[PDB]
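One chain is shown next in structure tokens, namely the form deposited in one PDB entry.
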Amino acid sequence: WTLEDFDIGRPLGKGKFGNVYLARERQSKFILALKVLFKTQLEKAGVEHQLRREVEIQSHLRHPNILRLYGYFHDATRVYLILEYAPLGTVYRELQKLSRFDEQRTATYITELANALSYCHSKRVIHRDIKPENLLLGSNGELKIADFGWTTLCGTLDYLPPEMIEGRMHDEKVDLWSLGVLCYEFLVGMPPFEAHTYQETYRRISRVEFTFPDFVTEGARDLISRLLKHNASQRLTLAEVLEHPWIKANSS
């Protein structure tokens, strides 16, 4: 592949995904997304080799609920990622449109997430920030994980390992908590610990302090409460999520 193989169209995501463009492969007329990475920025961050490792794994993955990397190429000053285009936009945008999701839509999205995340763990695929703005929607409305782009909260910089500074610390126990947050946000319209100030959000997370609105059913409450456990080892696993009665009863 070369740059000349593509017609570059409108920018996508208002910069939330980096320099990404709607594109068309000139000979096949196939619609896709092209992400442009600047070598100078990759070099200044020291991530060139980490990028190569991640894209090598991704280019071999195929899963209906993970955004596909079809391939990649480079020139003198840029690296180009050939990505699947999700025509229905982000789950964030859908949530904005509907205010909140019904139990069917939610349980279906949670199943797709649990499947995508399980697959990522088994294939050793790093993902970075599970949130509605990073979840995309395919032609049939199927959810696709797309969270692959990239004193501190982990301590002092000079002493921190690569996995901390490269955002590679979302393991399966972390993801379990994220899935509870997402389940709640899908049904309610906001994440459970949301507050005006960062300080107050911190407090609510640490205390696991949240309330269900009246419309949230007993089955959904059970699932969410069993995921949002302060103790990581006590959180309901991805396999157990897929077997939960509320998920079984409501998933398409």
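Numbers follow the displayed sequence, beginning with 1. Definition used throughout: the rigid core is the maximal C-alpha set that superposes within 1.5 Å between two forms.
Just so it is clear, the following notes concern the form deposited in another entry, a form of the same protein that is not shown.
J.: Might you check 141, 71, 132, 89 and identify the only one whose CA position changes by 2 Å or more between this form and the one not shown on rigid-core superposition?
T.: With the rigid core superposed, the residue that stands out is 71.
J.: Taking the rigid core as reference, does residue 123 move its C-alpha 2 Å or further between this form and the one not shown?
T.: Comparing the forms between this form and the one not shown, which are aligned on their rigid core, residue 123 does shift its C-alpha by 2 Å or more.
J.: Please say whether, between this form and the one not shown, the C-alpha of residue 39 moves by 2 Å or more once the core is aligned.
T.: After core superposition, the displacement of the residue 39 C-alpha between this form and the one not shown reaches the 2 Å mark, so yes.
J.: 2 Å or more on the CA of residue 185 between this form and the one not shown, with the rigid core superposed, yes or no?
T.: It does not, since the residue 185 C-alpha is displaced less than 2 Å between this form and the one not shown after the core fit.
J.: So the C-alpha spacing of residue 130 and residue 164 changes by 3 Å or more in that other deposited form; is that change toward closer or farther than shown?
T.: The answer is closer, because the C-alphas of residue 130 and residue 164 approach each other in that other deposited form by 3 Å or more.
J.: Considering a change of 3 Å or more, are the Cα atoms of residue 170 and residue 116 closer or farther in that other deposited form than here?
T.: Result: farther.
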